[PDB]
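Peer 1: Have a look at this one before I ask anything.
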Amino acid sequence: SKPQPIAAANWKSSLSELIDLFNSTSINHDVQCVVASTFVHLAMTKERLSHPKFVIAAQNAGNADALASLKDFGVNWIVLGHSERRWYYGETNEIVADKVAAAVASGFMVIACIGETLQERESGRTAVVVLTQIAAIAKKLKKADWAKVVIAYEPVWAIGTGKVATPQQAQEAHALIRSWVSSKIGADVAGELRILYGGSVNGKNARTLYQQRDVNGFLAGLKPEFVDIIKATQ
Ligand SMILES: *CC(=O)COP(=O)(O)O
């Protein structure tokens, strides 16, 4: 029916108490948990986090030598293209696609973030924006590569604003992405593809979002209610 869910916590900016919480939590269904951290916080997360359903992810690396060290250190997941990378730091669609392609070639699982802004949403350009972001990514990848790729739909207006996509809006967005992948890459690939929702997810609303046809999990904050979001992936 649905492929294995993912629950990914993005530590963008009390960690030890929190890791204690994750290590002690029984997770009684099949789900890949991910804790993405910054360089400086990577070795600590890697030393303290021992729950076998969890993996550590790096963020935003773009240098092959830097990819090589991360692998060497036992980091096999990476989060790329998250909003601030695009709207503050100036990562273009192509820059993000080169980073995704590089990370796949270096042997990483990639969570690639895409999503439109407030303006784009209101002017009816969600579809063209979101499908252009991801067509940039698919231009640098082969069919086989998609087994290492995870898509996070993250509406910029829903990131940290307190505004969550309704289940309807998240579903429409995910359906549009998957229907593009089924068309352009293959129906086999689309069926296996994890599309995660990101933006204002909490214990409350996660379960309801996860009931939607095309939602395969979540990208959220590194906070204690992450446990609830993990629990929601059924
Ligand atoms: C993808 C993500 O980290 C969103 O953050 P939030 O504050 O909206 O949960």
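Each chain in the structure tokens gets a letter, A, B and so on, in the order shown; residues start at 1 in every chain, and ligands are counted from 1 in the order they appear.
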Please identify which residues in segment 27-202 of chain A DSSP calls strand (DSSP E) from the backbone, and express them as number ranges by chain.
Peer 2: A: 32-36, 54-59, 77-80, 109-114, 149-153, 195-198
Peer 1: Could you write out the selected residues, including N, CA and C atoms, as an mmCIF file, in the first residue's frame?
Peer 2:
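The resulting file, selection_2.cif, is reproduced below:
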data_model
loop_
_atom_site.group_PDB
_atom_site.id
_atom_site.type_symbol
_atom_site.label_atom_id
_atom_site.label_comp_id
_atom_site.auth_asym_id
_atom_site.auth_seq_id
_atom_site.Cartn_x
_atom_site.Cartn_y
_atom_site.Cartn_z
ATOM 1 N N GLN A 32 11.383 4.668 9.333
ATOM 2 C CA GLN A 32 12.749 5.133 9.415
ATOM 3 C C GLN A 32 12.760 6.478 10.098
ATOM 4 N N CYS A 33 13.395 6.566 11.268
ATOM 5 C CA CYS A 33 13.542 7.863 11.920
ATOM 6 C C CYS A 33 14.899 8.440 11.555
ATOM 7 N N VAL A 34 14.968 9.771 11.474
ATOM 8 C CA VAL A 34 16.166 10.503 11.047
ATOM 9 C C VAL A 34 16.331 11.728 11.930
ATOM 10 N N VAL A 35 17.537 11.925 12.456
ATOM 11 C CA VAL A 35 17.869 13.165 13.153
ATOM 12 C C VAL A 35 18.950 13.857 12.345
ATOM 13 N N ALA A 36 18.565 14.937 11.669
ATOM 14 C CA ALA A 36 19.494 15.742 10.885
ATOM 15 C C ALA A 36 20.109 16.844 11.737
ATOM 16 N N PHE A 54 16.693 4.733 14.252
ATOM 17 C CA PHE A 54 17.149 6.066 13.943
ATOM 18 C C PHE A 54 18.451 6.020 13.136
ATOM 19 N N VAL A 55 18.600 6.989 12.252
ATOM 20 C CA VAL A 55 19.864 7.242 11.591
ATOM 21 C C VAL A 55 20.141 8.750 11.721
ATOM 22 N N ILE A 56 21.412 9.099 11.700
ATOM 23 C CA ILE A 56 21.827 10.472 11.676
ATOM 24 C C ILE A 56 21.925 10.948 10.216
ATOM 25 N N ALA A 57 21.513 12.193 9.992
ATOM 26 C CA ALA A 57 21.694 12.891 8.721
ATOM 27 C C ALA A 57 22.521 14.179 8.888
ATOM 28 N N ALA A 58 23.343 14.482 7.885
ATOM 29 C CA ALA A 58 23.999 15.787 7.753
ATOM 30 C C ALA A 58 23.046 16.734 7.049
ATOM 31 N N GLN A 59 23.445 18.004 6.951
ATOM 32 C CA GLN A 59 22.676 19.030 6.262
ATOM 33 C C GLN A 59 23.556 19.803 5.275
ATOM 34 N N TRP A 77 22.884 9.628 5.375
ATOM 35 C CA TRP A 77 21.689 10.419 5.009
ATOM 36 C C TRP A 77 22.056 11.902 5.007
ATOM 37 N N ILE A 78 21.395 12.662 4.148
ATOM 38 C CA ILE A 78 21.619 14.094 4.079
ATOM 39 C C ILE A 78 20.312 14.821 3.761
ATOM 40 N N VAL A 79 20.131 15.990 4.361
ATOM 41 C CA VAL A 79 18.970 16.815 4.041
ATOM 42 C C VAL A 79 19.442 18.002 3.207
ATOM 43 N N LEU A 80 18.762 18.240 2.092
ATOM 44 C CA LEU A 80 19.167 19.274 1.145
ATOM 45 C C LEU A 80 17.986 20.107 0.699
ATOM 46 N N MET A 109 21.559 8.381 1.201
ATOM 47 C CA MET A 109 20.112 8.622 1.112
ATOM 48 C C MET A 109 19.845 10.130 1.198
ATOM 49 N N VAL A 110 19.040 10.666 0.274
ATOM 50 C CA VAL A 110 18.824 12.105 0.247
ATOM 51 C C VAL A 110 17.375 12.499 0.532
ATOM 52 N N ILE A 111 17.164 13.333 1.549
ATOM 53 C CA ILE A 111 15.888 14.024 1.663
ATOM 54 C C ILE A 111 16.014 15.395 0.994
ATOM 55 N N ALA A 112 15.356 15.549 -0.154
ATOM 56 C CA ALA A 112 15.375 16.779 -0.936
ATOM 57 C C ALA A 112 14.073 17.558 -0.717
ATOM 58 N N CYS A 113 14.249 18.798 -0.251
ATOM 59 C CA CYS A 113 13.149 19.649 0.150
ATOM 60 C C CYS A 113 12.749 20.542 -0.999
ATOM 61 N N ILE A 114 11.440 20.614 -1.235
ATOM 62 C CA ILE A 114 10.880 21.511 -2.258
ATOM 63 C C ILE A 114 9.617 22.144 -1.676
ATOM 64 N N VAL A 149 16.504 8.488 -2.945
ATOM 65 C CA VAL A 149 15.883 9.826 -2.888
ATOM 66 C C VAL A 149 14.565 9.813 -2.123
ATOM 67 N N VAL A 150 14.392 10.845 -1.296
ATOM 68 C CA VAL A 150 13.180 11.069 -0.526
ATOM 69 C C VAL A 150 12.828 12.534 -0.785
ATOM 70 N N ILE A 151 11.543 12.796 -1.035
ATOM 71 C CA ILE A 151 11.078 14.169 -1.275
ATOM 72 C C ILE A 151 10.308 14.666 -0.048
ATOM 73 N N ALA A 152 10.682 15.857 0.431
ATOM 74 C CA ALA A 152 9.895 16.551 1.445
ATOM 75 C C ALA A 152 9.204 17.772 0.842
ATOM 76 N N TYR A 153 7.864 17.748 0.826
ATOM 77 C CA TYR A 153 7.106 18.922 0.392
ATOM 78 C C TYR A 153 7.003 19.859 1.592
ATOM 79 N N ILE A 195 7.203 10.654 -0.041
ATOM 80 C CA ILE A 195 6.989 12.099 -0.040
ATOM 81 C C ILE A 195 6.528 12.470 1.364
ATOM 82 N N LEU A 196 7.392 13.202 2.075
ATOM 83 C CA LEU A 196 7.127 13.672 3.434
ATOM 84 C C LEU A 196 6.547 15.095 3.448
ATOM 85 N N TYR A 197 5.732 15.401 4.449
ATOM 86 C CA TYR A 197 5.197 16.757 4.588
ATOM 87 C C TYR A 197 6.031 17.488 5.634
ATOM 88 N N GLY A 198 6.384 18.742 5.355
ATOM 89 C CA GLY A 198 7.093 19.586 6.321
ATOM 90 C C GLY A 198 6.458 20.947 6.511
#
Peer 1: Report as a Markdown table: every residue of chain A with an atom at most 12 Å from ligand 1, its closest pair of atoms, and their distance in Å to one decimal, counting only C-alpha atoms and all ligand atoms, with rows sorted by chain and ascending residue number.
Peer 2:
| residue | atom | partner | partner_atom_place_in_ligand_line | distance |
| --- | --- | --- | --- | --- |
| A:7 | CA | ligand 1 | 1 (C) | 10.8 |
| A:8 | CA | ligand 1 | 1 (C) | 8.5 |
| A:9 | CA | ligand 1 | 3 (O) | 6.8 |
| A:10 | CA | ligand 1 | 3 (O) | 4.8 |
| A:11 | CA | ligand 1 | 3 (O) | 7.2 |
| A:12 | CA | ligand 1 | 3 (O) | 7.1 |
| A:13 | CA | ligand 1 | 3 (O) | 10.1 |
| A:34 | CA | ligand 1 | 3 (O) | 11.9 |
| A:35 | CA | ligand 1 | 3 (O) | 10.8 |
| A:36 | CA | ligand 1 | 3 (O) | 9.5 |
| A:37 | CA | ligand 1 | 3 (O) | 11.0 |
| A:59 | CA | ligand 1 | 3 (O) | 11.3 |
| A:79 | CA | ligand 1 | 1 (C) | 9.6 |
| A:80 | CA | ligand 1 | 1 (C) | 10.5 |
| A:81 | CA | ligand 1 | 1 (C) | 10.1 |
| A:82 | CA | ligand 1 | 1 (C) | 6.8 |
| A:83 | CA | ligand 1 | 1 (C) | 8.0 |
| A:84 | CA | ligand 1 | 3 (O) | 10.2 |
| A:85 | CA | ligand 1 | 1 (C) | 11.8 |
| A:111 | CA | ligand 1 | 1 (C) | 10.4 |
| A:112 | CA | ligand 1 | 1 (C) | 10.4 |
| A:113 | CA | ligand 1 | 1 (C) | 7.8 |
| A:114 | CA | ligand 1 | 1 (C) | 9.8 |
| A:115 | CA | ligand 1 | 1 (C) | 10.2 |
| A:151 | CA | ligand 1 | 1 (C) | 11.2 |
| A:152 | CA | ligand 1 | 1 (C) | 7.7 |
| A:153 | CA | ligand 1 | 1 (C) | 8.5 |
| A:154 | CA | ligand 1 | 1 (C) | 6.1 |
| A:155 | CA | ligand 1 | 1 (C) | 8.8 |
| A:156 | CA | ligand 1 | 8 (O) | 8.4 |
| A:157 | CA | ligand 1 | 8 (O) | 8.7 |
| A:158 | CA | ligand 1 | 8 (O) | 5.7 |
| A:159 | CA | ligand 1 | 8 (O) | 3.3 |
| A:160 | CA | ligand 1 | 7 (O) | 3.5 |
| A:161 | CA | ligand 1 | 8 (O) | 6.5 |
| A:162 | CA | ligand 1 | 8 (O) | 7.1 |
| A:163 | CA | ligand 1 | 8 (O) | 8.0 |
| A:164 | CA | ligand 1 | 8 (O) | 7.8 |
| A:165 | CA | ligand 1 | 8 (O) | 10.4 |
| A:196 | CA | ligand 1 | 1 (C) | 9.3 |
| A:197 | CA | ligand 1 | 1 (C) | 7.9 |
| A:198 | CA | ligand 1 | 1 (C) | 4.4 |
| A:199 | CA | ligand 1 | 8 (O) | 3.5 |
| A:200 | CA | ligand 1 | 8 (O) | 3.9 |
| A:201 | CA | ligand 1 | 9 (O) | 5.4 |
| A:202 | CA | ligand 1 | 9 (O) | 7.6 |
| A:203 | CA | ligand 1 | 9 (O) | 11.2 |
| A:205 | CA | ligand 1 | 9 (O) | 11.7 |
| A:206 | CA | ligand 1 | 9 (O) | 11.1 |
| A:217 | CA | ligand 1 | 1 (C) | 11.5 |
| A:218 | CA | ligand 1 | 1 (C) | 8.0 |
| A:219 | CA | ligand 1 | 1 (C) | 4.7 |
| A:220 | CA | ligand 1 | 9 (O) | 4.2 |
| A:221 | CA | ligand 1 | 9 (O) | 4.8 |
| A:222 | CA | ligand 1 | 3 (O) | 8.2 |
| A:223 | CA | ligand 1 | 9 (O) | 9.4 |
| A:225 | CA | ligand 1 | 9 (O) | 10.7 |
| A:226 | CA | ligand 1 | 9 (O) | 9.8 |
| A:229 | CA | ligand 1 | 9 (O) | 10.8 |
Peer 1: Interatomic distance between atom CA of residue 89 of chain A and atom CA of residue 74 of chain A?
Peer 2: 27.2 Å
Peer 1: Choose the residue, out of A:67, A:75, A:18, A:173, that has the smallest atom-to-atom separation from residue 46 of chain A; count only C-alpha atoms.
Peer 2: A:75
Peer 1: Would you tabulate, counting only C-alpha atoms, all residues of segment 72-95 of chain A that have an atom at most 9 Å from an atom of segment 120-133 of chain A, showing the closest pair of atoms and their distance in Å to one decimal, sorted by chain then ascending number, as JSON lines?
Peer 2:
{"residue": "A:92", "atom": "CA", "partner": "A:133", "partner_atom": "CA", "distance": 8.8}
{"residue": "A:93", "atom": "CA", "partner": "A:133", "partner_atom": "CA", "distance": 5.4}
{"residue": "A:94", "atom": "CA", "partner": "A:133", "partner_atom": "CA", "distance": 8.3}
Peer 1: May I have the residues from that selection written out with N, CA, C and O atoms, as an mmCIF file, in the first residue's frame?
Peer 2:
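Wrote it out as out_19.cif, contents follow:
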data_model
loop_
_atom_site.group_PDB
_atom_site.id
_atom_site.type_symbol
_atom_site.label_atom_id
_atom_site.label_comp_id
_atom_site.auth_asym_id
_atom_site.auth_seq_id
_atom_site.Cartn_x
_atom_site.Cartn_y
_atom_site.Cartn_z
ATOM 1 N N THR A 92 20.068 27.897 -5.847
ATOM 2 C CA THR A 92 19.103 27.807 -6.966
ATOM 3 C C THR A 92 18.558 26.366 -7.112
ATOM 4 O O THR A 92 19.012 25.456 -6.409
ATOM 5 N N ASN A 93 17.596 26.159 -8.017
ATOM 6 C CA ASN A 93 17.077 24.807 -8.276
ATOM 7 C C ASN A 93 18.186 23.842 -8.659
ATOM 8 O O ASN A 93 18.243 22.744 -8.139
ATOM 9 N N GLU A 94 19.066 24.310 -9.551
ATOM 10 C CA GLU A 94 20.241 23.638 -10.102
ATOM 11 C C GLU A 94 21.324 23.333 -9.075
ATOM 12 O O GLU A 94 21.746 22.184 -8.962
#
Peer 1: DSSP on the backbone, then: every residue of segment 7-194 of chain A marked helix (DSSP H, G or I), written as an mmCIF file with C-alpha atoms, in the first residue's frame.
Peer 2:
data_model
loop_
_atom_site.group_PDB
_atom_site.id
_atom_site.type_symbol
_atom_site.label_atom_id
_atom_site.label_comp_id
_atom_site.auth_asym_id
_atom_site.auth_seq_id
_atom_site.Cartn_x
_atom_site.Cartn_y
_atom_site.Cartn_z
ATOM 1 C CA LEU A 15 19.640 17.906 23.081
ATOM 2 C CA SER A 16 20.812 15.163 25.503
ATOM 3 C CA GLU A 17 17.500 14.911 27.450
ATOM 4 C CA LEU A 18 15.862 14.709 24.054
ATOM 5 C CA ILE A 19 18.168 11.939 22.784
ATOM 6 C CA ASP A 20 17.509 10.162 26.114
ATOM 7 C CA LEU A 21 13.824 10.402 25.211
ATOM 8 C CA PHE A 22 14.371 8.925 21.718
ATOM 9 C CA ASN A 23 16.601 6.037 22.985
ATOM 10 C CA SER A 24 13.945 5.038 25.576
ATOM 11 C CA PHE A 39 28.351 19.817 11.550
ATOM 12 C CA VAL A 40 29.234 20.929 15.107
ATOM 13 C CA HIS A 41 26.337 18.894 16.619
ATOM 14 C CA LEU A 42 26.931 15.792 14.446
ATOM 15 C CA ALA A 43 29.508 13.914 16.553
ATOM 16 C CA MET A 44 27.463 14.426 19.745
ATOM 17 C CA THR A 45 24.241 13.141 18.090
ATOM 18 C CA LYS A 46 26.221 10.198 16.679
ATOM 19 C CA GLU A 47 27.685 9.415 20.133
ATOM 20 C CA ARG A 48 24.476 9.619 22.157
ATOM 21 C CA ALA A 64 32.770 15.813 -2.561
ATOM 22 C CA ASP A 65 35.634 15.654 -0.060
ATOM 23 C CA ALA A 66 33.196 16.742 2.579
ATOM 24 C CA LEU A 67 30.750 14.050 1.431
ATOM 25 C CA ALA A 68 33.601 11.532 1.678
ATOM 26 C CA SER A 69 34.403 12.389 5.347
ATOM 27 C CA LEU A 70 30.705 12.153 6.350
ATOM 28 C CA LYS A 71 30.461 8.674 4.792
ATOM 29 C CA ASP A 72 33.755 7.766 6.508
ATOM 30 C CA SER A 83 13.831 26.634 2.450
ATOM 31 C CA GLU A 84 16.400 28.976 4.010
ATOM 32 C CA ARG A 85 18.993 27.433 1.654
ATOM 33 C CA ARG A 86 16.997 28.819 -1.241
ATOM 34 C CA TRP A 87 15.504 32.108 0.045
ATOM 35 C CA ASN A 93 17.077 24.807 -8.276
ATOM 36 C CA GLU A 94 20.241 23.638 -10.102
ATOM 37 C CA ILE A 95 22.635 24.156 -7.164
ATOM 38 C CA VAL A 96 20.239 21.979 -5.062
ATOM 39 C CA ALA A 97 20.069 19.396 -7.870
ATOM 40 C CA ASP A 98 23.886 19.221 -8.165
ATOM 41 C CA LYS A 99 24.060 18.698 -4.368
ATOM 42 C CA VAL A 100 21.441 15.927 -4.511
ATOM 43 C CA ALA A 101 23.219 14.287 -7.479
ATOM 44 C CA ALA A 102 26.631 14.545 -5.716
ATOM 45 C CA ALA A 103 25.299 13.033 -2.498
ATOM 46 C CA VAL A 104 23.631 10.138 -4.365
ATOM 47 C CA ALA A 105 26.883 9.508 -6.263
ATOM 48 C CA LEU A 118 3.303 32.549 0.133
ATOM 49 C CA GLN A 119 3.152 34.676 -3.071
ATOM 50 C CA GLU A 120 3.557 31.658 -5.348
ATOM 51 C CA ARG A 121 0.772 29.861 -3.492
ATOM 52 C CA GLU A 122 -1.691 32.805 -3.720
ATOM 53 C CA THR A 126 2.190 26.137 -6.560
ATOM 54 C CA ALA A 127 2.225 23.424 -9.255
ATOM 55 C CA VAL A 128 4.683 25.085 -11.704
ATOM 56 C CA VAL A 129 7.013 26.186 -8.848
ATOM 57 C CA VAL A 130 7.061 22.768 -7.109
ATOM 58 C CA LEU A 131 7.376 20.752 -10.318
ATOM 59 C CA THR A 132 10.203 23.007 -11.595
ATOM 60 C CA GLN A 133 12.146 22.600 -8.339
ATOM 61 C CA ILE A 134 11.968 18.785 -8.710
ATOM 62 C CA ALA A 135 12.426 18.563 -12.496
ATOM 63 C CA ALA A 136 15.766 20.343 -11.795
ATOM 64 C CA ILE A 137 16.621 17.480 -9.428
ATOM 65 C CA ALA A 138 15.473 14.710 -11.822
ATOM 66 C CA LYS A 143 15.937 6.103 -12.724
ATOM 67 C CA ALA A 144 18.009 3.842 -10.452
ATOM 68 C CA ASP A 145 18.954 6.811 -8.270
ATOM 69 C CA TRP A 146 15.413 7.306 -6.923
ATOM 70 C CA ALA A 147 15.777 4.417 -4.551
ATOM 71 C CA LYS A 148 18.204 6.752 -2.670
ATOM 72 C CA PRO A 167 -4.777 17.673 5.144
ATOM 73 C CA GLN A 168 -6.449 18.650 1.807
ATOM 74 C CA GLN A 169 -3.645 21.036 0.794
ATOM 75 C CA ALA A 170 -0.832 18.622 1.808
ATOM 76 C CA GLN A 171 -2.567 15.817 -0.118
ATOM 77 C CA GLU A 172 -3.093 17.868 -3.253
ATOM 78 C CA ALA A 173 0.558 18.889 -3.234
ATOM 79 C CA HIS A 174 1.805 15.305 -2.639
ATOM 80 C CA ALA A 175 -0.543 13.872 -5.296
ATOM 81 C CA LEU A 176 0.745 16.435 -7.847
ATOM 82 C CA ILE A 177 4.422 15.556 -7.104
ATOM 83 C CA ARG A 178 3.738 11.780 -7.298
ATOM 84 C CA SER A 179 1.660 12.126 -10.504
ATOM 85 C CA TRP A 180 4.602 14.067 -12.022
ATOM 86 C CA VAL A 181 7.059 11.308 -10.928
ATOM 87 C CA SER A 182 4.772 8.554 -12.254
ATOM 88 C CA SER A 183 4.606 10.418 -15.575
ATOM 89 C CA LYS A 184 8.237 11.468 -15.984
ATOM 90 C CA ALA A 187 5.002 4.364 -12.017
ATOM 91 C CA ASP A 188 7.245 1.828 -10.242
ATOM 92 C CA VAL A 189 9.386 4.707 -8.915
ATOM 93 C CA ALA A 190 6.388 6.841 -7.943
ATOM 94 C CA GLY A 191 4.850 3.974 -5.995
ATOM 95 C CA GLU A 192 7.985 3.429 -3.896
#
Peer 1: Would you work out the distance separating atom CA of residue 51 of chain A from atom CA of residue 108 of chain A, expressed in Å to one decimal?
Peer 2: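 Separating atom CA of residue 51 of chain A from atom CA of residue 108 of chain A is a distance of 19.9 Å.
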